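Single chain ahead, by itself, as structure tokens, in the form deposited in one PDB entry.
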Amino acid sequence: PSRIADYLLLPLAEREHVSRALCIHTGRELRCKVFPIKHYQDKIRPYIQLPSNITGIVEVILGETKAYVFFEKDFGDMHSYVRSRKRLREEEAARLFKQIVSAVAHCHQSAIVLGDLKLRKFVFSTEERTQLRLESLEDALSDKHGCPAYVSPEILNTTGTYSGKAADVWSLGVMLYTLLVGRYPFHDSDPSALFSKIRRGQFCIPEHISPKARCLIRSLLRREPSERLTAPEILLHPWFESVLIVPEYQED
């Protein structure tokens, strides 16, 4: 039977590298995912050590070779939320998107490129579903299934080399559009058409989206990466106003 510090580890219905972590003293229920420590240090730890909790990590237990990351259960992701709401009203979209952007700005200011930004990368911290956190543990909205909706112009043009931070901002643009409209801005099921529209920056913002929201979307989905807002700059965009330590313990 699997016991680590004062937690009992139990298999989860899925069981990727994730388990149930029950506190032996109280029955408090967390989640645990195990990683090689090298991988934890390189890919997970940076997120924990930002100044400000954008993750829901409670603590990390560092064994011999492996890191046991204990985190809070979440209350669903933003992909499922948009799907169930169809699309968000501007006031909610702005509240939630500001939390998303604040997370990314923090990351970028410590030289952390995410590279995998999507609505499913953000999850609710409570049952209220008013506060999002970054899914940092590597753990419907198009014409058909499997739209590569986060493909940027850089990744189609250039030669593979481009700005990580500016590519994340493109992803913030796709996310913002999708929050407000309920479909991705580039959503063709035919990849020829999709890639053509992405390279040429061709998408349509419905008329009823406010002027401040429309120019913010446009300011993120600029074809030229150098022309996009930085994540810090997004936080000061007039749209928002218009509508509005993790401990590490060693073990044997």
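By rigid core we mean the largest C-alpha set that fits within 1.5 Å across both forms. Throughout, we count residues from 1 along the sequence that is shown.
The same protein has a further form, the form deposited in another entry, not shown here; the description that follows concerns it.
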Honestly, after the rigid core fit, is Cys215 moving at least 2 Å at Cα between the shown form and the other one? no
Answer yes if the Cα of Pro206 shifts by 2 angstroms or more between the shown form and the other one on a rigid-core superposition, and no otherwise. no
Is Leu88 one of the residues whose C-alpha moves 2 Å or more between the shown form and the other one after the core fit? no
Checking the C-alpha spacing of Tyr40 and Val101, a student should find that in the other entry it changes by 3 angstroms or more, with the atoms farther
Since the CA distance of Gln109 and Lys43 differs by 3 Å or more in the other entry, is it closer or farther than in the form displayed? farther
